[PDB]
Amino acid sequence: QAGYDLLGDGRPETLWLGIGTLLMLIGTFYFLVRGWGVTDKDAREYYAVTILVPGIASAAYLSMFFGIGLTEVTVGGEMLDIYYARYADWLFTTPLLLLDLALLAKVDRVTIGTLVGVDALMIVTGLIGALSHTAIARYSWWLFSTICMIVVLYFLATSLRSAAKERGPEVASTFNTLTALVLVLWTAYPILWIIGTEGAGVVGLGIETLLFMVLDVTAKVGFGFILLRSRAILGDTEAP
């Protein structure tokens, strides 16, 4: 695969996992240090949620770097690598990101339950797809997971956006900037999966790991940077 076998264990993709580790740790430490001077009760909740997003990803990237949680899946005459930590990362961090958006929009706990329940189903079915042993199952679960993603994004774009609007310009501008980011970045994930090693196999694991790493850093550290610099996080929140 495209990269460089840093640890001398036959995995050129560790180059990208190492860089990803470093960027996630630096982002975590930046937000943490910026958080220590924050007193407002709402801002503290946003910081707490948001620090954990690159924080948990840091742990997942480090695990992947060292080869912890790596195994192979047999698909006919081919053995696909799967890093379990990647899915565990997304299972925890995607609800956290949605929770940030739901706090901005100030929506009810039933709406949040729906959003995060569909998000969890998306990640689980993606994992089932990655572990499946025939191409028909892989594409099927991928499609299922993708329809779940559209439902999440549809809710962000319609119901949560409408709610944020009622909260005035500071909140609605921040909500709309972040939602613009999410709609684009999150859609990139199923596209990479299907053209990469898990699907059609056009790109190999090296390029795939690199691109997931860029997406992950943008979706976590980039998102965090946009949110935490906004005056909107000082406004009232109601936790679920």
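Residue positions are given as counts along the sequence shown, with the first one as 1.
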Higher-scoring stretch by recorded Cα B factor average, 119-127 or 152-160
152-160
Can you let me know which of the two, 228-236 or 18-26, has the higher average C-alpha B-factor in the entry?
228-236
Return the residue from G206, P190, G201, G55 that has the highest Cα B-factor in the entry.
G201
Compare the CA B factors listed in the entry for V73, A88, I147, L97 and report the winner.
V73
Within-chain third of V214 by Cα B-factor, per the entry
lowest
Chain-wide C-alpha B factor ranking for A102, given as lowest, middle or highest third
middle
Taking the entry's C-alpha B-factors for this chain, is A59 in the lowest, middle or highest third?
lowest
In terms of the chain's CA B-factor thirds, is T134 lowest, middle or highest?
highest
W36: CA B-factor among chain residues, third -> highest
